[PDB]
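To keep things clear, I will list the structure first and then write my remarks on it.
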Amino acid sequence: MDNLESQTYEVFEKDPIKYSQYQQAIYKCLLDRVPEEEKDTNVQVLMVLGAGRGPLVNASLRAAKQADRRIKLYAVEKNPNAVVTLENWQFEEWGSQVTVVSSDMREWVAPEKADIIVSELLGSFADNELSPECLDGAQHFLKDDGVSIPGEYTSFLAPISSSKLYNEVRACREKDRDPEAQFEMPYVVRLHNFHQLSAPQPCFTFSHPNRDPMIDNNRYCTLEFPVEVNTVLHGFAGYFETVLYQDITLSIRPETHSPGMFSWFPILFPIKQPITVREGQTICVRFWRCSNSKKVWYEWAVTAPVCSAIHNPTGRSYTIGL
Amino acid sequence: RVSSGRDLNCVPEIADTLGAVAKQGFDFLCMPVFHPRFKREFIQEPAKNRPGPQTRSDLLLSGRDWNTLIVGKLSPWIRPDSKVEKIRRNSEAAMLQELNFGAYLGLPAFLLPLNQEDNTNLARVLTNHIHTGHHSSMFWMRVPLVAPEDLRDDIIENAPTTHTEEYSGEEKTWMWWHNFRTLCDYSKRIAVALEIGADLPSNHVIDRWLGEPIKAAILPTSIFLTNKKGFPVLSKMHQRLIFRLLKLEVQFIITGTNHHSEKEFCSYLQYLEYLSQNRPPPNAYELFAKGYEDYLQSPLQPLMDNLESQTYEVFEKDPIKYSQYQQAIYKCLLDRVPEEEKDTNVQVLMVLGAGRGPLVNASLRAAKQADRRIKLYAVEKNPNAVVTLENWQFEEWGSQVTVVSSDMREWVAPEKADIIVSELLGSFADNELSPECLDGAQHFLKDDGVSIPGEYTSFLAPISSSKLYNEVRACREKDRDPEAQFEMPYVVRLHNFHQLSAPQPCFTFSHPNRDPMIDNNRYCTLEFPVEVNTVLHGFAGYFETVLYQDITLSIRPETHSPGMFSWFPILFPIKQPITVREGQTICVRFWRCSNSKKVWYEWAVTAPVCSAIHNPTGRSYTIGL
Amino acid sequence: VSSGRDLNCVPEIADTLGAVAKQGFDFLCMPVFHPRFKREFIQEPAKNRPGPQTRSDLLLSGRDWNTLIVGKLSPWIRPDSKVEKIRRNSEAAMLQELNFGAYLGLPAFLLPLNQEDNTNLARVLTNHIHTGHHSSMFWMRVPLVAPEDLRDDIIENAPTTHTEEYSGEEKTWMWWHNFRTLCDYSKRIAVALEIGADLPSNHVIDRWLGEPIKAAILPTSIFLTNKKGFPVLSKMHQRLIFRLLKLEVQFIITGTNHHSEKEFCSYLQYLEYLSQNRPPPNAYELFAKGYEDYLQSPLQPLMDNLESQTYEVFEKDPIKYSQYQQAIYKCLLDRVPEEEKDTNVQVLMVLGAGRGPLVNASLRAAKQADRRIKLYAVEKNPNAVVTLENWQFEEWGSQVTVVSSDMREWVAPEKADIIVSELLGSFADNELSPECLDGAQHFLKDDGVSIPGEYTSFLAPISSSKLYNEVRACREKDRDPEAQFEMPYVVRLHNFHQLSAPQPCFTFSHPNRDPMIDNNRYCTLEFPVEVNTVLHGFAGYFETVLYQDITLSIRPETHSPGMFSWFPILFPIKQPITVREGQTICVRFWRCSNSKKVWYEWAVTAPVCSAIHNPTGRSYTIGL
Amino acid sequence: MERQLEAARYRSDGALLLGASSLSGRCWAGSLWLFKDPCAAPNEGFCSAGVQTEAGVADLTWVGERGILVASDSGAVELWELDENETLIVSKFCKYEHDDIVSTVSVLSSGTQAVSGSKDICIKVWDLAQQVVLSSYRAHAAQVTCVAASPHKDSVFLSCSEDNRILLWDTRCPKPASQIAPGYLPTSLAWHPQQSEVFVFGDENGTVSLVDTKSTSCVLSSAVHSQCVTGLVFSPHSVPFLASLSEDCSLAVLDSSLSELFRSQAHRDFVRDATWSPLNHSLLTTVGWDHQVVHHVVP
Ligand SMILES: Cc1cc(NC(=O)C(=O)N2C[C@@H](C)CC[C@@H]2c2ccc3sc(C4CCN(C)CC4)nc3c2)cnc1N
Ligand SMILES: Cc1cc(NC(=O)C(=O)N2C[C@@H](C)CC[C@@H]2c2ccc3sc(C4CCN(C)CC4)nc3c2)cnc1N
Ligand SMILES: Cc1cc(NC(=O)C(=O)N2C[C@@H](C)CC[C@@H]2c2ccc3sc(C4CCN(C)CC4)nc3c2)cnc1N
Ligand SMILES: CSC[C@H]1O[C@@H](n2cnc3c(N)ncnc32)[C@H](O)[C@@H]1O
Ligand SMILES: CSC[C@H]1O[C@@H](n2cnc3c(N)ncnc32)[C@H](O)[C@@H]1O
Ligand SMILES: CSC[C@H]1O[C@@H](n2cnc3c(N)ncnc32)[C@H](O)[C@@H]1O
């Protein structure tokens, strides 16, 4: 929905580990798709959907030469302020090997179908930037045997105590809106002074390409977190894992964290009223991914040991713009 | 008499059926809007594209009829919390369809059932719907008193109904409601349609629903016993229940077929009508208070605000209280002036806070009933009432009475007083600042004089009432703290609520207060044992007062002065409701605080859990000195 | 007529109330303290004058005080005196009498404006209003013509200037407007307009258009005595009385009985007669009379699915469907010649059918014209598709095909000869008829017809402090305090003043062949104003061409008569804008949109600038 | 005729009985029809008998040759006797004893009694001759989905409900109900014809399972349909085939090991009832809410 500013992209690019992983994934997929003898006769159409200022483009190039295969490149971007940087690069450095396409991938009527599509549309909660819908729209121009990098992703949740962060959220009340809207919306934050109350568990998973004829990106998940301590529930931390290609993956989940990678911080889903939890009790939380023609949003509620209210109903406090 | 409706899951011709139930004597009809067996598919071909019409037309009735006579019903095949994903999504679409259609028709109420523990997705969908158009439409939740599982016949060989004691489990259905109710964030458009079965459970299971927004009671034909004539009747316990439900003025719904087929469906209804007429006729207090049932009002402040005329008028329209005041004055007169001195010793008797002078006429009638000499003063700071007082005085009382238009804390009286009579009590006794007023007016009392009343005491009791909690919640105003309404009391005739523990005395004041170190501030701590599971929403407040020796007044339910409707109870709410399990004790704390200008109360619950401190620094509620 | 009697003399309150009750009046205006009973508050000895200071409240019942007695401020009270002592004393006395009228719970209290400066009067009354949020209304006695400009020219050395004074002749209104402004437009403050012998220029009278006049005060002096001795009024006074009756103001009688032959019921009966002898209350007019100056949010049939009774009131409007039928009929005769009547069938699609009055109209037109038609009824509201399919099965048969989808979505089987729409709001395109028809256009034959083929919105500046206050009261929690001013309202305008002739704002044509389709608009309108007034908003209307010379309109000039399907729309402005005679009001309007929303912005740029209203649709968007 | 065909039962001599409901439109009623020509159905003009009921029909079953037992939306069980000429259909009785929609019925081995299940959660035992309820059983906790009388025992029958319970009954016993991992809800019941030891049940998830009451163990099950299984009917064949009907609008014919032999998509709406022709045992008649009456040749 929003066009990102320059230094935002700058901090995105200032993360080598992640692009090293993307390059390796592209490289392995290249070796799998084009056999050794055909390297010079079969060129691969490789589209970077959501290119930004084109670190994925340079990564695709370095992978093409590291693997020694032929590729024709497309860099799709709906942010024209970044298309500026992209076309400057292209004219100066990439040449006509790369084609810069300034449009939404849900709109673009591409000339030729794709061998590989590379995306970067993940948030701290994986699908919270609507990567599923974007790739679903961009899917039709993929070859009936093509590859999406990443091919899979999955969100993770864990209940947390942190009266500190609860007070920080409480202080986010603004004039001219519901006094409790701040509790019905997530925040990206490097969690620090907090207490994880149960092991993270997977919430929502998406696979691309999604061949399924009955595509429905809505979700209703229920998570039961055993708690072996006395504490007070204030919110839920959220992380993600993603499979770029086979055994190349990324993660901000504390257990499986990709080391040295600072592209994402955890997300936080708060709750209005804190909930006491005694040792041995189980926290049952419910999550929905909901949508219409224009918006996507999450709702959530704690149902055990006690019931909370349903948070952000009808996306009244938080919607993600399609 | 009774407002009633008829429940049916079969309606062949909507017009004919409505005419039939109209001639049977019912006020409304509950019916399905789509055919109950007409399951529909939304996702998957081919039945997805099934050709309409999907139900019967809206032209079949008038907008009048839809708005006033037809309660919609959710088709029973819809299961939004199914374990099957397909049935989940399909029931979601179908629930949206039927609800939006009931709104299209503009129905006054729509029925949805709670018949299991988990209705999380049902609540999610209904909440989503409610937040699409700020409509009026009410939503009645069909909740059984006893779950069908705990009601089944014990005729399964390898699944025996345990005949054991399960206190909490027997209440499980309420739990259902309370969870659903909570997920929907206490929506005022969501109420209870409590369903009643053959076997009635323990009285505590029934009492769980005290304070819950019951709009409808559902009676099946099965639970009707057949009496000697063949009529339908109910057990004595069922009748005790029906009386309790009638005081809440709920609508009654009939479900089931005609098992007493000798008669017609007017028989059940007529049993009900008979019961309602054969109810103890309304005593004078009840009719007055019935209009104010659970109606919230800000506490009057006769000190800071000058009261309007009709306010005094309702104060005076209470004989019992002034009879008591007259008797108290009379006894004090006999005690103070002996028999022989009756003609030689006149008593200076001052009515501090006279209003329009009912206490003056009472002092006069007492003076002649007792046969003693009195000189009278009527003090009042409200000049709009001083008008009435001086008109009376010129016309009737003469110079026997002296009307003094000033604050009693100010007035430099000419001669010291033998008796001082006050009326400065609120529903919480001292909440109109009678202590400070009398403390200021004390110095001009003789060193052996009497104050009528001589003593008073406030009383508190924890109460569950999600109804009144929602009423308070709806008092949020713009341009102030969103939670100010919870940090201030309200005067209200409590009606639909649950007393959770016996009232206990909070603050007491004695007049005259000779104490050299006068401090009207107070810090009290009250422990209320609770022998039930419930949810604390607030604290009811009452008072007792000693006018003179054995003449007293009280609105406390146990010691209530009978026939007296001068005061209603006060209510101190709390922001967040607090669960209380059977056996636990509610520890609440109360402060009476003050400065040069204001007086106010603060309060907090410290057990079983801690609340926040309410109205700190009187930030939300102060009583003006 | 609802009526009351004004008296400055009441010897026995009971007897006087009984007399005025038998005379036929609905209420009595009387003083609560004796009018000549001046009181002292500061200085001894009269400070300590012994009461009673007035008569008791027990003399009536609370019902009587609440419904029958309008209080009156004693005339010796002068809060804006040039003398400091009289200032402070009148302050205390005004507080006394007002607090007493509130103690009695009076439904209204009268206070006079009879000079330019009532600043301290307003200060005290404002202070009082902000002491208990009571109901009590306050009527300001304002003369149409100041007593100075009404005196007899019989002073030798002070001649009434016989010159033309346009602004000065309005001065009394100014009084009100200043007082009214200092009290911050309190809804508890209204006008009791007093009427004299000489009526001024009609612009002086028109100044009060749009003002919250609750009462009109008629003295006995201005009543002409006819041949019999009756009381009557001039022809001009009668024109006035009719104008005042449309606003449904209460009428008050003041003065003594000069026509002493009769009883005070004579004056009242003249009025009663007049009120009965006006055009009898229509069905149309009585329907709309309940909605007079009643605000309602604009419906959004695209984004919201309309309720049943909403459609019901849409259908209960014959004239409009008669026009639609005639338009279809003429188009049929034009398209299919006489010889081909049986060989050429016309595909005729009702886009936005609702409960299908347009379908029945298409059928009646087909048989009235005698031609062949195949019908489609498209509707995205499934709750109405229910009604449609029930009709179709029962009555229309397979001639009609009910299509339950959005016209922007539907992949129609065969292209259309005619498309019939009903997607107009009070401001024409405000229900997004252009976008819907633009989407539904592709399945139209390359030579087909759209009914309506054209529409156009209209705007006109209006003064109405009444409606401005009604909007002001729409402030809600949890949103911008001024959002209510940045959104339009559908309302049967009633008590208001049109300040310039309506002018066209936005026009749309269908089919729109244009390769560069852009439904956005930037319009500028200049409205000459020939009066002094205060701009509070803009009324909005529409015209639409269904076919050739068959059109619909709610524009007051070209109004389709007897049609009550739409009310006018109102675009308010946050701050009212003064406009002197001769000045020109320059308003700017934008129709803006993206993929999801459509909305209007607007601003006044002359005689002064306003802010831009509803920027980025922050306060009002129309859902696509 | 009403659009939604609910039941279709073949008589021993080859005559076809049909039960239809109207689930939309102004009138929500039902009707019974008898076709001595099976290929002439559904056309009303070419019928041997027909009758209009006050209310719709949920389930339906023969009573020998002249009796027709109907479970009506009214909450009533209606018994319709056939005419001496087999031209008219007459209501022998109609009793309102259930409190809610009677959803399922079946006739016992003796043919003088029947069992009914309703949405009022109760099961009822009926003496068809005396025309009264003998036993009223509130054994379930949710609405009774299906009741299937045992073919070879009078006092025994099966029932299944939305309380996820499948009860095997025996009115001789004092606690007649007997319950037999809790999967998805049971929706249809079918005794095996020759072996009164075993039966089959379909669930709401589209899985059909085979149970042996003696072994009280789920020996086998198969995922036949993508949606709820609304009916299960064995063939009279010497080694009997099994027909399965679903809301996915398909018909599936299965062997003794629950493998898919036949499958028909001919219906475009729900499939309600299915009976084999006792004349040509390889012919199978199905009905549905698309008002189709299909005849299926089964290899
Ligand atoms: C590749 C990728 C990366 C991410 N990652 C994140 O989002 C994230 O975890 N972090 C936290 C940390 C690492 C810093 C950048 C970024 C962030 C988050 C939230 C805001 S809010 C804001 C403001 C925007 C407005 N301007 C005026 C001020 C800054 N910047 C930011 C930046 C998400 N998605 C994709 N695809
Ligand atoms: C003698 C005595 C009596 C009382 N009693 C009460 O207070 C009280 O229990 N009740 C409730 C019931 C009996 C009715 C009168 C009164 C009441 C309460 C709260 C408001 S709030 C309001 C509004 C004020 C503003 N106007 C414009 C509308 C009414 N009236 C009222 C009336 C207290 N103290 C003393 N000394
Ligand atoms: C054919 C057509 C007609 C119209 N006409 C109008 O819009 C209109 O002038 N009037 C005013 C008057 C005649 C009454 C109906 C309607 C109206 C306006 C505003 C609201 S707001 C509301 C509420 C909605 C929510 N529910 C719960 C209560 C009523 N109803 C209404 C009704 C517009 N467009 C099209 N296409
Ligand atoms: C690198 S963060 C994601 C990037 O992808 C871009 N993007 C997101 N969605 C789309 C889309 N649908 N079409 C094109 N670019 C997109 C964003 O503008 C950003 O540059
Ligand atoms: C009958 S309710 C209490 C009455 O006492 C009056 N009152 C309260 N406080 C004072 C005071 N300090 N001096 C005089 N009258 C008082 C009030 O104005 C009211 O009429
Ligand atoms: C009779 S008021 C206008 C009618 O047209 C319907 N309508 C409005 N926009 C569309 C659209 N785009 N497609 C179909 N019906 C529409 C509305 O739901 C309403 O019934």
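Note on naming: letters A, B, ... go to the chains in the order of the sequence lines (proteins, then strands), and numbering restarts at 1 for each one. Whatever order the structure lists them in is the order used to number ligands and atoms, beginning at 1. Quick note: numbers below take in every heavy atom, side chains included, and nothing from hydrogens, waters or symmetry partners.
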Counting N and O atoms only, with roles assigned by atom type, does the side chain of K381(B) sit under 3.5 Å from a partner on the main chain of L303(B), one being a donor and the other an acceptor? yes
Determine whether the aromatic ring centres of residues [Y] and [X] are separated by less than 6.0 angstrom.
| X | Y | result |
| --- | --- | --- |
| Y284(C) | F287(C) | no |
| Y153(A) | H208(A) | yes |
| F428(B) | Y542(B) | no |
| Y103(C) | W65(C) | no |

Within the 4.0 Å heavy-atom shell around [X], which atoms of ligand 4 are there?
| X | value |
| --- | --- |
| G52(A) | 20 (O) |
| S103(A) | 13 (N), 14 (C) |
| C134(A) | 9 (N), 12 (N) |

By side-chain contact (heavy atoms from CB on, under 4.5 Å) - contacts of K14(A) (at least two apart): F262(A)
Could you identify the single nearest non-hydrogen protein atom to [atom] and state the distance to 0.1 Å?
| atom | result |
| --- | --- |
| atom 3 (C) of ligand 4 | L121(A) CD2, 4.0 Å |
| atom 1 (C) of ligand 4 | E120(A) OE1, 3.6 Å |
| atom 5 (O) of ligand 4 | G50(A) CA, 3.1 Å |
| atom 19 (C) of ligand 4 | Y9(A) OH, 3.5 Å |

If you measure every N or O of [X] against every N or O of ligand 4, does any of those distances drop under 3.5 Å?
| X | value |
| --- | --- |
| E77(A) | yes |
| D104(A) | yes |
| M105(A) | yes |
| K78(A) | yes |

Under a plain distance cut-off of 3.5 Å, with no hydrogens placed, do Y19(A) and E120(A) share a side-chain donor-acceptor pair? yes
Parallel, tilted or perpendicular: which fits the ring planes of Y294(C) and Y291(C), with parallel below 30° and perpendicular above 60°? tilted
Geometric class of the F543(B)/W567(B) ring pair [parallel <30°, tilted 30-60°, perpendicular >60°]: perpendicular
Excluding sequence neighbours, so at least two apart, what forms ring pair (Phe, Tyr, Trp, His ring centres under 6.0 Å) with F459(B)? none
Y325(B) meets the ring pair (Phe, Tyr, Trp, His ring centres under 6.0 Å) criterion, sequence neighbours left out, with none
Under 4.0 Å, heavy atoms only, figure out whether ligand 4 is touched by the backbone of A51(A), its side chain, both or neither. neither
Pairs under 3.5 Å, nitrogen or oxygen of ligand 2 with protein nitrogen or oxygen:
{"from": "ligand 2", "atom 1": "5 (N)", "to": "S566(B)", "atom 2": "O", "distance (Å)": "3.2"}
{"from": "ligand 2", "atom 1": "9 (O)", "to": "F568(B)", "atom 2": "N", "distance (Å)": "2.9"}
{"from": "ligand 2", "atom 1": "34 (N)", "to": "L425(B)", "atom 2": "O", "distance (Å)": "2.9"}
{"from": "ligand 2", "atom 1": "34 (N)", "to": "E432(B)", "atom 2": "OE1", "distance (Å)": "3.1"}
{"from": "ligand 2", "atom 1": "34 (N)", "to": "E432(B)", "atom 2": "OE2", "distance (Å)": "2.7"}
{"from": "ligand 2", "atom 1": "36 (N)", "to": "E423(B)", "atom 2": "O", "distance (Å)": "2.8"}
{"from": "ligand 2", "atom 1": "36 (N)", "to": "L425(B)", "atom 2": "O", "distance (Å)": "3.1"}
{"from": "ligand 2", "atom 1": "36 (N)", "to": "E432(B)", "atom 2": "OE1", "distance (Å)": "3.1"}

Counting only heavy atoms not in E5(A), do more than 12 fall under 6.0 Å of its CD? no
